[PDB]
Amino acid sequence: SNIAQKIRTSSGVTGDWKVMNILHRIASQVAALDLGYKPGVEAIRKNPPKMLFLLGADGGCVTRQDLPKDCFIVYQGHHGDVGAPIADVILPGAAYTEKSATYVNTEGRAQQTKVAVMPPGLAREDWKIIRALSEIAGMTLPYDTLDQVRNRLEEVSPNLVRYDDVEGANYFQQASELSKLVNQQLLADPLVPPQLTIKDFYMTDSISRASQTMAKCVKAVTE
Amino acid sequence: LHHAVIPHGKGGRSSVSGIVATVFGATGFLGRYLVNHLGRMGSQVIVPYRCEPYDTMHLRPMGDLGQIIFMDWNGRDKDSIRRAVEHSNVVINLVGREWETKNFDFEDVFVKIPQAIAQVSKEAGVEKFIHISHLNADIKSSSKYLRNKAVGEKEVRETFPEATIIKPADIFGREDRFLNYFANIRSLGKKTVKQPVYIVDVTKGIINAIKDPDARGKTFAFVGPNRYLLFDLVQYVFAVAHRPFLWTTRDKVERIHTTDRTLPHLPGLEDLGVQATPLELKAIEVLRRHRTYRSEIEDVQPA
Amino acid sequence: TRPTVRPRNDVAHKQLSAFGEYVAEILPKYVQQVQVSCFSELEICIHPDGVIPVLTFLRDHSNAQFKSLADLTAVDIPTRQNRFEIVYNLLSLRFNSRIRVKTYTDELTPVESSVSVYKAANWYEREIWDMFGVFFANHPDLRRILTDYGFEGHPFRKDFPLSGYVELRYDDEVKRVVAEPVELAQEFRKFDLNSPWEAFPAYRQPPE
Amino acid sequence: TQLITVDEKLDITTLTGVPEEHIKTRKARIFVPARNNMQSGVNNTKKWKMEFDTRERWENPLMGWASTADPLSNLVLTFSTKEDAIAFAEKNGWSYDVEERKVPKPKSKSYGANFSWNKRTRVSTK
Amino acid sequence: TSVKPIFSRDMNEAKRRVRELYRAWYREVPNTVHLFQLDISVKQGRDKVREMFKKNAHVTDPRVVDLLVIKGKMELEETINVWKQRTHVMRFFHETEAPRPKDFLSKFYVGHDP
Amino acid sequence: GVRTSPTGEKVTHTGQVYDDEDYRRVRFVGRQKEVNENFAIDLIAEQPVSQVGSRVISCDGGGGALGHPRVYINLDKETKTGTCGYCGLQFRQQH
Amino acid sequence: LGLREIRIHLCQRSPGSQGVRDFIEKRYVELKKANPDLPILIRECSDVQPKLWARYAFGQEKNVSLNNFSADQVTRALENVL
Ligand SMILES: NC(=O)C1=CN([C@@H]2O[C@H](COP(=O)(O)OP(=O)(O)OC[C@H]3O[C@@H](n4cnc5c(N)ncnc54)[C@H](OP(=O)(O)O)[C@@H]3O)[C@@H](O)[C@H]2O)C=CC1
Ligand SMILES: [Zn+2]
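Residues numbered from 1 in each chain as written, not as in the entry; some residues may be left out. Chains lettered and ligands numbered in written order. Part of a larger assembly, values for the part shown. Heavy atoms only, no water. Residues with missing side-chain atoms left out of burial classes, pairs and counts.

For this entry, the PDB record names cryo-EM as the structure determination method and reports a resolution of 3.8 Å.

If you want it as structure tokens, here you go:
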């Protein structure tokens, strides 16, 4: 943001060009920060809970070793490999080709999947499981079907109904001056990306981890 | 449970429901209606028959393409019964002839048939075995029929402890035994409380008990909503049959003169959850064959 | 071009061109398109206010007899406002000619019901009412021909699916034939056969 | 004649015979189909296809087929403009999602710039 | 939008024709339930006739109500004749549905069903 | 000639034999699983690997209009014999 | 108890968007300096009524409409909510 404000000042404003941007790896982090979640696991490192929902926790985010004895891990998802032995209640969520979802790319465009194949097994959708869990528990969620879900989606954040369309943000000056309160020491250790080669591109997901074609080309590249 | 035992979609006619039912007997009345409701559910019905293939031919086009299956059995060999319940989700016991033969009696049909099949279904390793028995089956006398069914209830409670003993009253239907037996006559006048219950409510109760657990182990009883007198029942069925008129064994006449009583120590239809229907609608349904051409609903409803 | 190519004639083409021009001259009120195809059959495309005047003119007038009526259909075309196209297919006896009077209509319009001037159009009109859904006013009898009585939905539309909504089976509960929602045993695999690469350049519509 | 004067939407959904389940339960996706990417031809464009959502296709337990409880799933309605698509979808009753038509971008390619002097558009293999 | 009518001019003749047709369907039921030898009392038949008339209650366009009057009059003619059998008149009812519930929870236990 | 699972039922040339938790074992009661006992893999490994003295050779299938359409296959690798996709029978070269 | 979230929903060509852009360009670093742990978040889509939503206390989502309010009026109503 210092580089961004530096080019913002020490130049003539030719237009609404944007120096600065970041990129992500997984789309649901963009969606979860649009809907207003806490990023990172520091709020769990501060307050160890008695009940936690792992909606697709892939790697070593938390374990039973980082938590009190009464865990009650409710895992929800498809072909879990890390955490699925560790968890307490396993719920078979659907997949990305198997439900009408709403996904956000790294630039805020909203793109939705289509139900091409119904999920095999019992294998309900995710919000359907959650609202049925709300009904069976002593409460309710004030909506029934998917159009009402998308109406509450607009009543949480409005860009998630204008499908396949983009609109960029602003306020680089306000973001930069809000960055000017907390000083951290910059550690001079050699920063390196983990995605360094072909094997680490191929293995570092759950769907690519479960397959065999990825394993064949992993052993073909490494050999 | 393996896959292809999970359900899929809607009900019936190549809509895979999740039960595989081995249904003993099933050639007569109640078994045919129960195979009708299971083919409407869209299941796999293994019916064994010992008779001619013409009667299972008449009950054949009920299920869908290859859903129901036919196999032979006997009342002597455990090997054919174990072959019948090799792999089955559920098994129901519906058997018993209302008159004796020269090869099989009232003795040991209800003792030797359910013990053998319950033994081989426990050893084959199935769950949810549903056995029908008649109401008021007691060790107390006046029917070889009823004392044998009481011994049968005690034996199927002793072996295979997680069984569903279920008992209907004198069920009536389109091809009934006792109401058709009343219409086919010529008679006396006495007093006896008796409550018929219609057959489709009973088999809806059976399919709800067969796919709705938390009802395993507990014995159930079917009580019709009427509970009235026999004399006005006979006069009502003659009045709806448009005839004034003011195998018949002694065991059958003592069954229709046995006072059917009910005890609420075992739950009925509402704790299982299906609506019961009164007599008169289905009575006007079944009482055809009046005369050449030929309402006055009595509705005694005693006590 | 001589072997295995159908030889067209120009005498019938010129005569049908002249006759279509003549028909549209003498009936200016109801005529919109007069087309002759490559194989010389006449088509006259018609507003639905003149079915009785055009057919009373064409059955008579002594210079075009056209006694006989053939196919009547109203081909169920989406994408338009007026969907259906009613095709009276008139055959002469003294002349050896074939004309197609194609009038247009939408879903909720009575056309003038040609049963009074062609007695052959009685069951044709009743069949088009039952199958498509186009009501015909001032007409003696409209019933359901070629469909079941308890069946409805006007099935020859493009909106009605291939398999119907009801399906009959016998059952022993009520001892009769009952109707249930359809549960097919096989998918009816629809094939994506319409390949690209524009097999006819002469029929290219102009783009936007 | 022309006696009726009214400006209102059409309500054919009570006349077309399809029940309320398949009226208010499914949804119509209205879209130009994408070009079949292994081929290179946009003759499969220019036709606004209306299709419905897909539903369950389980396995027929005697052969291994694809049984379905879906009458309306095997439809396709090829149209010619978005306006008539929206008009038919609102007329005949069901819900609709109208997607977008995405034209190929008009580029400018040049063999003479494939053989340039100082630029980095030097193909070095032809 | 000067549209040609079917029968009417506005909703007044529509209401008049539909109450005429309901009067005909009311006086047409007991003859048929005596004739085709059904199994259902007259009051339930009349209740489902008025249910079929209450099903299309949100229809406002006069041409559409005219066309529904035509449909009902055709089916009343086919039932006052002896052309339709016992099967179709029982097919108007629903005794063999085992009807699917409408709660979200029992639609959740038998899922993939919005 | 054929393999058989320890459930007692014959496998096919495709390995589709049922488990202990199915009901199609019960649909096979009294009626035999009519399996082809003649596998298609092992009737080619018994064939003689032909050796043809040219470099790129033809394959018809034994008869004009009785057999697959002509395929011309190349035999230039030294450790892997060329293999007709239609026939399945190999070739080699000799020089 | 207290607040959990404050959400602003804006557009890019409106007099109401003109007023709330005046507010959010002039007095936003003040507000974030005041309350640290309120994730008061701003959204802009294309054209919508400028809603202001306060989510707190078991799903009580109180709603005010910031249609053509000026910046003083926006700050006064925001302090009325908060
Ligand atoms: N009044 C009633 O109808 C009531 C009946 N029940 C019970 O309902 C069940 C069925 O009765 P229902 O249908 O009316 O009469 P059925 O006698 O016709 O039904 C019994 C079935 O089992 C078969 N069966 C009977 N005995 C033997 C045997 N020894 N060996 C082989 N098969 C035998 C019968 O004939 P087949 O051998 O040809 O298959 C038939 O398929 C009975 O168990 C009865 O206790 C209970 C309450 C009331
Ligand atoms: Zn070959």
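Chemist: Explanation requested: the overall build of chain A in the structure shown.
Modeler: Looking only at helices and strands, chain A features nine helices and five strands. Reading the helices (α) and strands (β) of chain A from amino to carboxyl end gives α-α-α-β-β-β-β-β-α-α-α-α-α-α. Taking the principal axes of the C-alpha coordinates as reference, chain A spans close to 60 × 50 × 40 Å. Residues classed as buried in chain A amount to 24% of the 223 residues present. Contacts in chain A between residues far apart in sequence, at least 24 positions, make up 41% of those at least 6 positions apart. Summed over its atoms, the accessible surface of chain A is roughly 15800 Å², and 58% of this surface lies on carbon and sulfur atoms. Distance from the positive charge centre (24 side chains) to the negative charge centre (25 side chains) of chain A: 3 Å. (Helix = DSSP H or I, 4+ residues; strand = E, 2+ residues; numbered from the N terminus. Buried < 20%, exposed > 50% of the residue type's maximum accessible area, 1.4 Å probe, protein only. Contact = heavy atoms within 4.5 Å. Areas by Shrake-Rupley, 256 points an atom, 1.4 Å probe, with all protein chains shown as cover. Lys, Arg positive; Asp, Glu negative; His and termini not counted. Charge placed at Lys NZ, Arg CZ, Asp CG, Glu CD.)

Chemist: Hey, could you run me through the overall build of chain D in this one?
Modeler: A count of helices and strands for chain D gives three helices and seven strands. Taken against the 2.2 N^0.38 rule, which gives 14 Å for 126 residues, the C-alpha radius of gyration of chain D at 24 Å runs more than 25% over that of a compact globule. For chain D, the spread of C-alpha atoms along the three principal axes comes to 75 × 60 × 20 Å. Residues counted as buried form 33% of the 126 residues belonging to chain D. Once local pairs closer than 6 in sequence are excluded, the contacts in chain D between residues at least 24 apart make up 53%. Only carbon and sulfur atoms are counted for the fraction: they give 49% of the accessible area of chain D, which is about 8400 Å². The distance from the centre of the 22 positive side-chain charges to the centre of the 16 negative ones in chain D is 19 Å. (Rg over C-alpha atoms; globule rule 2.2 N^0.38 Å.)

Chemist: How should the coordination of the zinc ion (ligand 2) be read in this particular structure?
Modeler: In an ideal octahedron of six donors the angles at the metal are 90 or 180 degrees, and in an ideal tetrahedron of four donors they are 109.5 degrees. All names here are of chain F. Only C59 (SG), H68 (NE2), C84 (SG) and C87 (SG) from the protein reach the zinc ion (ligand 2) as donors, at distances of 2.0 to 2.3 Å. Each of the four donor atoms bound to the zinc ion (ligand 2) contributes to angles spanning 77 to 134°, and the resulting shape is irregular. Donor residues binding the zinc ion (ligand 2) come from one chain and are separated in sequence as C-x8-H-x15-C-x2-C. Of this pair, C59 sits in strand β2 (residues 56-59) while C87 sits in the loop between β4 (82-83) and β5 (90-93), and the two are 28 residues apart along the sequence. By relative accessible area, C87 is classed as partly exposed at 24%. (Donors = N, O, S within 2.8 Å, 3.2 Å for Na, K, Ca; no water. Tetrahedral: all angles 85-135°; square planar, octahedral: opposite > 155°, others 65-115°.)

Chemist: Explain the nonpolar core to me, please; I cannot follow it from the model alone.
Modeler: Within the largest apolar cluster, 53 residues are counted, with the highest numbers of intra-cluster contacts made by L30 and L38 of chain B. Core analysis: the next-biggest nonpolar cluster, separate from the first, contains 31 residues, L16, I46, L72 and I86 of chain C among them. (Core = buried A, V, L, I, M, F, W, Y, C linked by side-chain atoms within 4.5 Å.)

Chemist: Which parts of the structure should I look at to understand the interface of chain C and chain D?
Modeler: Bring the parts together and some accessible area is lost; that lost area is often taken as the interface size. In this complex, chain C contributes 26 residues to the contact, which on the side of chain D involves 34 residues. In total, chain C and chain D occlude about 2700 Å² of area from one another, counting both sides; carbon and sulfur atoms represent 56% of this. Three residues stand out in chain C for area buried against chain D, namely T79, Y165 and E187 of chain C, and they jointly supply 23% of the buried area on that side. Counting every contact that joins chain C to chain D gives two salt bridges. For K91 of chain D, the salt bridge goes to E107 of chain C, with nearest N and O atoms at 3.8 Å. Joining chain C to chain D, the criterion identifies nine residue pairs in polar contact. (Buried area = accessible area lost by both parts, 1.4 Å probe. Salt bridge = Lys/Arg side-chain N within 4 Å of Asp/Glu carboxyl O. Polar contact = N/O pair within 3.5 Å; in protein donor to acceptor, adjacent residues only side chain to side chain.)

Chemist: Would you mind showing me how to read the interface of chain C and chain E here?
Modeler: Tallying the contact residues gives 22 residues for chain C and 22 residues for chain E. Both sides together, the interface formed by chain C and chain E hides about 2100 Å², and carbon and sulfur atoms give 60% of it. Across the contact surface, chain C and chain E share five salt bridges. We note a salt bridge from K4 of chain E to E112 of chain C, for which the minimum N-O separation is 3.8 Å. The interface formed by chain C and chain E contains five residue pairs in polar contact. Among the elements that make up the side of chain C that touches chain E, the one with the highest residue count is strand β7 (residues 176-181) of chain C (four residues). Partitioned by chemical class, the residues of the side of chain C that touches chain E number 12 nonpolar, two polar and eight charged. (Nonpolar A, V, L, I, M, F, W, Y, C, P; charged D, E, K, R; others polar.)

Chemist: How do you make sense of the environment of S67 of chain D when you look at a structure like this?
Modeler: Topologically, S67 of chain D is positioned in strand β5 (residues 66-68). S67 of chain D gets classed as buried once you look at its relative accessible area, which sits at 0%. When the C-alpha positions of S67 of chain D and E56 of chain D are compared, they lie 8.5 Å apart, and in sequence the two are 11 residues distant. Non-local contacts of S67 of chain D, meaning those with residues more than four positions away in its chain, are made with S14 of chain B, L184, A185 and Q186 of chain C together with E56, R57, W58 and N60 of chain D. A distance of 3.2 Å separates a polar side-chain atom of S67 of chain D from the backbone oxygen of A185 of chain C.

Chemist: How do you make sense of the arrangement of the chains when you look at a structure like this?
Modeler: No other pair of the 12 pairs of chains in contact has as many contacts as chains C and D. Spatially, chain B is disjoint from chain G: no contact exists, and the shortest C-alpha separation is 35 Å. Left apart from each other, chain E and chain G have a closest C-alpha approach of 22 Å.

Chemist: Got a minute to help me understand unusual backbone geometry in this structure?
Modeler: Working note: non-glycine residues mostly have negative phi, and peptide bonds are mostly trans. Even without being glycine, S124 of chain D reaches a positive phi, approximately 60°. Looking at the element boundaries, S124 of chain D is found in the segment after α3 (111-114). Under the relative-accessibility criterion, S124 of chain D is labelled exposed at 68%. We note that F58 of chain G has phi near 65°; this positive angle belongs to a residue other than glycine. Within the secondary structure layout, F58 of chain G lies in the loop between β3 (51-56) and β4 (60-65).

Chemist: Looking at this structure, I do not really get a negative patch on the surface. What am I missing?
Modeler: Negative charge collects at one region of the surface, where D164 and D165 of chain A together with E99 and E100 of chain D lie side by side. Of note, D165 of chain A is situated in the loop between α5 (146-154) and α6 (172-178). On the basis of relative accessible area, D165 of chain A is assigned to the partly exposed category, the value being 37%. (Patch = residues over 30% accessible without salt bridge, like charges linked within 9 Å, V, L, I, M, F, W, Y side chains within 5 Å.)

Chemist: Mind showing me how you'd approach the environment of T164 of chain B here?
Modeler: All names here are of chain B. When you line up the elements, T164 lands in strand β6 (residues 163-167). Distance in space between the C-alpha atoms of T164 and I132 is 8.4 Å, their sequence separation being 32 residues. For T164, the contacting residues outside a window of four places in its chain are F129, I130, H131, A215, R216, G217 and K218.

Chemist: Please explain the site of ligand 1 as it appears in this structure.
Modeler: All names here are of chain B. Among the 20 residues in the neighbourhood of ligand 1, the closest are listed as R50, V95, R97, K149 and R177. Within the contact set of ligand 1, an oxygen atom lies 3.2 Å away from a backbone nitrogen or oxygen of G28. Between ligand 1 and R177 there is a distance of 2.9 Å, counted from an oxygen atom to a side-chain nitrogen or oxygen. Here ligand 1 loses 93% of its free accessible area of 860 Å² to cover by the protein chains. Here the residues of the shell around ligand 1 are counted per class, giving 11 nonpolar, five polar and four charged. (Near = heavy atom within 4 Å.)

Chemist: How do you make sense of the sheet that holds strand β6 (residues 77-79) of chain D when you look at a structure like this?
Modeler: The strands that make up a sheet pair up through hydrogen bonds in the backbone, lying either parallel or antiparallel. Residues and elements named next belong to chain D. With mixed pairing, four strands are arranged side by side in an open sheet as β6-β3-β2-β7. The outermost strands of the open sheet, each flanked by one partner alone, are β6 and β7 (95-98). Across the sheet, the mean angle separating the axes of adjacent strands is 25° when strand polarity is ignored. (Pairing = 2+ DSSP bridges. Axes fitted to C-alpha atoms, helices over the stretch in contact; angles between N-to-C directions.)

Chemist: Help me out: how do you make sense of a positive patch on the surface in this one?
Modeler: All names here are of chain E. A cluster of basic side chains, namely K15, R16, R19, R23 and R27, defines a positive patch on the protein surface. Residue position: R16 is located in helix α1 (residues 11-26). Overall, the relative accessible area of 48% leaves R16 in the partly exposed class.

Chemist: Looking at this structure, I do not really get helix α5 (residues 144-158) of chain B. What am I missing?
Modeler: Residue and element names in this part refer to chain B. Between its terminal C-alpha atoms α5 stretches 21 Å, which fits the 21 Å expected from 15 residues at 1.5 Å a residue. All buried positions along α5 are accounted for by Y145, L146, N148, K149, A150, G152, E153, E155 and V156. If you follow the buried residues of α5, they end up packed against α4 (109-124), β5 (129-132), β6 and α9 (250-255). Where α5 ends, the next residue or the one after it, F160, has phi of about 55°, a positive value. (Expected span 1.5 Å × (residues − 1).)

Chemist: Can you walk me through the pairing of strand β4 (residues 84-91) of chain C in this structure?
Modeler: The side chains of a regular strand alternate, first on one face of the sheet and then on the other. Residue and element names in this part refer to chain C. The buried fraction of β4 amounts to six of the eight residues, a majority that puts the element mostly inside the structure. As paired elements, β4 and strand β5 (residues 98-105) share eight bridges and run antiparallel to each other. Pairing of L91 across the sheet is with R98, part of β5. Between β4 and β5, which pair antiparallel one after the other, the connecting turn spans six residues, and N96 there sits at a positive phi close to 55°.

Chemist: Just checking my understanding: could you explain the pairing of strand β1 (residues 5-10) of chain G for this structure?
Modeler: Residues and elements named next belong to chain G. Most of β1 is tucked away: six of the six residues are buried. Sheet topology places β1 next to β3; four bridges connect them, and they run antiparallel. Paired with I6 across the bridge in β3 is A54. Sheet analysis places β1 next to strand β2 (residues 41-44), joined by four bridges and oriented parallel. Across the sheet, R7 pairs through a bridge with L41, a residue of β2.

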